[PDB]
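Heads up: the sequence shown begins at 1 in the entry's author numbering, then just goes up one per residue.
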Amino acid sequence: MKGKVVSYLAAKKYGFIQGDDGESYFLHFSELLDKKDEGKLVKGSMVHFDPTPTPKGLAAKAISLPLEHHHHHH
Numbered sequence: 001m002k003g004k005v006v007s008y009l010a011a012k013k014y015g016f017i018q019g020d021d022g023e024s025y026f027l028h029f030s031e032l033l034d035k036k037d038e039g040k041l042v043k044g045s046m047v048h049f050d051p052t053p054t055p056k057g058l059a060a061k062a063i064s065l066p067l068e069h070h071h072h073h074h
């Protein structure tokens, strides 16, 4: 359910998220709502994703960014 993103590489289209119970999850474009939402991800902070079984076992689904829409203010 909840966890923290420790790494995210767009070139390898594969990142890493550490669950609170120590459960890892896989990051894929098929799991992102939009391709652009990839650049809206926040590295080094909290992220929102839902659990998914999949043949592999651990996987994320429907990634969500509950962080402020505009981090920069003017």
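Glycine included, every Cβ here is placed at the ideal spot set by N, Cα and C.
Where the beta strand (DSSP E) through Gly15 begins and ends:
14-19
Per DSSP, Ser45 is paired with what?
Its beta-bridge partners do not exist; DSSP assigns none.
Where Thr52 and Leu33 are concerned, what is the direct C-alpha to C-alpha distance, given to the nearest angstrom?
15 Å
Measuring CA to CA, which of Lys40, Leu27, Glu38 is closest to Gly57?
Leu27
Cβ of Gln18 within 8 Å of Cβ of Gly3?
yes
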